[PDB]
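If you're matching them up, the sequences are chains Y, B and S in order. Mapped onto the UniProt record's numbering, the consecutive letters of the first sequence carry residue numbers 126 to 251. Mapped onto the UniProt record's numbering, the consecutive letters of the second sequence carry residue numbers 126 to 251. Mapped onto the UniProt record's numbering, the consecutive letters of the third sequence carry residue numbers 126 to 251. Beta carbons: idealized from backbone N, C-alpha and C, even for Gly. Down below is the structure, laid out as structure tokens.
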Amino acid sequence: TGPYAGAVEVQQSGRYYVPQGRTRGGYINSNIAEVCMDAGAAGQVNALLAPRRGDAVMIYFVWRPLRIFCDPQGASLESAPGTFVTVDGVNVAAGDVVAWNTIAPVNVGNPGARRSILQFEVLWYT
Amino acid sequence: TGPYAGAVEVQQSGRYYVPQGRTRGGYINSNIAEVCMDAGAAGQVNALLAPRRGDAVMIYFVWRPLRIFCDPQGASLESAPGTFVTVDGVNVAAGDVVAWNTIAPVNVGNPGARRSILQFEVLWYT
Amino acid sequence: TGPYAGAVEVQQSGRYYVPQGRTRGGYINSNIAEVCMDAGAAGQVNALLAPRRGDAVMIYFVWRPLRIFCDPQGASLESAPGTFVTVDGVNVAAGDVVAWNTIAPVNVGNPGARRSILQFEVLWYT
């Protein structure tokens, strides 16, 4: 089991999908979620990464941008540079394992000039 | 391990591919298999999730429709409302965990009016 | 954990990307790496499959070509037949688990007439 096993729908990985607004997240499978982000966008992603309340007290995860992904038409696109993720105000790097308490704010930012998709993969949990 | 380690070919997740018939399933990796379905299609999927006789014992898996995926030319598509899976004549809701004894029939249906892709993720087994 | 957690970027699975050269590798998630190959290409893949020096020292993996993937504009493509991988000079079939030490040469080949994408999935490592 992974924290997102009970999601009732998943989506294809790497396909940009943000129908209204500037950010949108969805699940890929039990352990991976992705947030599609327009240019110059920022948002909080707690509701998305958090396992259902009462289920966990701590989640371990890593994040990273997708070097290549696609637009709604099937065309290749590359993530903007300068994407960041802060956990409890601390800026966390892509590739580093971060211990999240389930409570603290996880902010995601895409200051860059093109669209980007960020992936969060939950590692071990409990 | 995972039950489908050993499949000899996998495919890109979320890409609609039904060359012959009204349904087709394939593997995505060791714990995940997807099944593409045309509008108003039904299919039995035991042989796909039935790993190989003797190794298998009992399988616990979840299934969920893909909210967005693509057609063979790369355009975004959304799964039709109304998909269902019955495991041994019992209706299983997306996201509910199901114990499968490996022998009962797993039916899959897409009574709706557009294509859909269903994902089956295997959580544990032995 | 998994060996490719630590990779600082990932890419969409099954989307052909080889901007300069005959083959290119990238990571999909913590246990999976994909290598795109132009028609009639070969290359050595150690640098991609190797967990960083000192961490791991024995990797078990399986590899398999993708039956269907896409080109950069999103159209469906099928992997050419005849793909092969050799680990320390031995031929390893798709679907077979191979034990690797991180040192021995891993050759990859696409003798066929068209593009292909091979998948390497790491199963355990101690």
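Any Cβ of chain S within less than 9 angstroms of the Cβ of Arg240(Y)?
-> With 9 angstroms as the cut-off, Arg240(Y) does not count as an interface residue toward chain S.
Between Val212(Y), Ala219(Y), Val247(Y), which lies nearest to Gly168(Y) when the distance is taken from Cα to Cα?
-> Nearest C-alpha to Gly168(Y): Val212(Y).
Specify, as a first and last residue, the run of the alpha helix (DSSP H) that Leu173(Y) falls within.
-> Taken as a continuous stretch (DSSP letters only), the alpha helix (DSSP H) holding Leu173(Y) covers 171 to 174.
Roughly how many angstroms lie between the CA atoms of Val170(S) and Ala205(Y), to the nearest whole one?
-> Taking C-alpha positions only, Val170(S) is separated from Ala205(Y) by approximately 28 angstroms.
Could you check what DSSP says for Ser204(S) in three-state terms: helix, strand or coil?
-> Of the three classes helix, strand and coil, the one that applies to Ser204(S) here is coil, per DSSP.
Answer yes if the stretch 191 to 210 of chain B comes into contact with the stretch 191 to 209 of chain S, meaning at least three C-beta pairs across the two stretches below 8 angstroms, and no otherwise.
-> At 8 angstroms Cβ cutoff, the stretches touch.
Mark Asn216(B) as exposed unless 16 or more other C-beta atoms lie within 10 angstroms of its C-beta, in which case mark it buried.
-> Exposed, since its Cβ has fewer than 16 Cβ neighbours within 10 Å.
Tell me whether the beta-carbon of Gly131(Y) lies closer than 9 angstroms to the beta-carbon of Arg177(Y).
-> Pairing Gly131(Y) with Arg177(Y) gives a Cβ-Cβ distance under 9 angstroms.
Mind listing which residues of the stretch 191 to 211 of chain S have their C-beta closer than 8 angstroms to chain Y's C-betas, in chain order?
-> Residues passing the 8 angstroms Cβ filter: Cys195, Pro197, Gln198, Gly199, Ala200.
Could you please tell me which residues of the stretch 142 to 158 of chain Y, in chain order, have their CB closer than 9 angstroms to any CB of chain B?
-> For the stretch 142 to 158 of chain Y, the residues whose beta carbon sits under 9 angstroms from a beta carbon of chain B are, in order, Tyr142, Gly151, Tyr152, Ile153, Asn154, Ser155.
Look at the Cβ atom of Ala158(Y), then the Cβ atom of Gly146(Y), and state whether they are nearer than 9 angstroms.
-> No, Cβ-Cβ distance for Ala158(Y) and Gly146(Y) is not below 9 angstroms.
Taking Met162(S) as part of the beta strand (DSSP E), name the residues at either end of that continuous run.
-> Segment 157 to 162, the beta strand (DSSP E) holding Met162(S).
DSSP-derived helix/strand/coil call for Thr251(S) = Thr251(S): coil per DSSP, three-state reduction.
Name the chain B residues that come within less than 8 angstroms of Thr126(Y), Cβ to Cβ?
-> Under the 8 angstroms cutoff, chain B gives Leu248, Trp249.
Can you name, in chain order, every residue of its own chain whose Cβ lies under 6 angstroms from the Cβ of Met162(S), other than the five neighbours on each side?
-> Answer for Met162(S): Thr148, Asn235, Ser241, listed in chain order.
Excluding the 5 residues preceding and the 5 following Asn232(Y) in the sequence, name in chain order all residues of the same chain whose CB lies nearer than 6 angstroms to its CB.
-> Once the five neighbours on either side are set aside, the close Cβ partners of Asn232(Y) are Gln169, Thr211.
Residues in the stretch 164 to 188 of chain S having any Cβ partner in chain D nearer than 8 angstroms | Reference to chain D is not applicable here, since the protein chains of this structure are Y, B and S.
Can you give the Cα-Cα distance for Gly237(S) and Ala166(S), rounded to whole angstroms?
-> When rounded, the distance between both Cα atoms is 8 angstroms.
Beta-carbon gap between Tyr185(Y) and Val223(Y) smaller than 9 angstroms = If you check the CB distance, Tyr185(Y) and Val223(Y) come in under 9 angstroms.
Any chain S beta carbon closer than 9 angstroms to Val133(B) | By this cut-off, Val133(B) is an interface position.
Residues in the stretch 221 to 232 of chain S having any Cβ partner in chain Y nearer than 9 angstroms | Answer set for the stretch 221 to 232 of chain S: empty.
DSSP three-state call for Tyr142(Y): helix, strand or coil?
-> Of the three classes helix, strand and coil, the one that applies to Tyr142(Y) here is coil, per DSSP.
Determine the direct distance from the alpha carbon of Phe209(S) to that of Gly127(S), and round the result to whole angstroms.
-> Looking at the two C-alpha atoms, the distance is approximately 25 angstroms.
Shorter than 9 angstroms from the beta carbon of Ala130(S) to some beta carbon of chain B?
-> By this cut-off, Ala130(S) is not an interface position.
Integer Cβ distance of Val133(S) from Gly220(Y), believed to fall under 8 angstroms | Contact annotation, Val133(S) with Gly220(Y): C-beta distance approximately 4 angstroms; criterion of less than 8 angstroms satisfied.
Where DSSP assigns a beta bridge to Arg189(B), which residues make up the other side?
-> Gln244(B).
Cβ atoms of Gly139(B) and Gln244(Y): under 9 angstroms apart, would you say?
-> Taking 9 angstroms as the Cβ cut-off, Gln244(Y) and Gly139(B) do not qualify as a contacting pair.
Compare the C-beta of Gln244(S) against all C-beta atoms of chain Y and say whether one is closer than 9 angstroms.
-> Taking 9 angstroms as the CB threshold, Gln244(S) stays off the interface with chain Y.
Assigned secondary structure, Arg178(Y) (DSSP; H/G/I helix, E/B strand, else coil) = Collapsing the DSSP output to three states places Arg178(Y) in coil.
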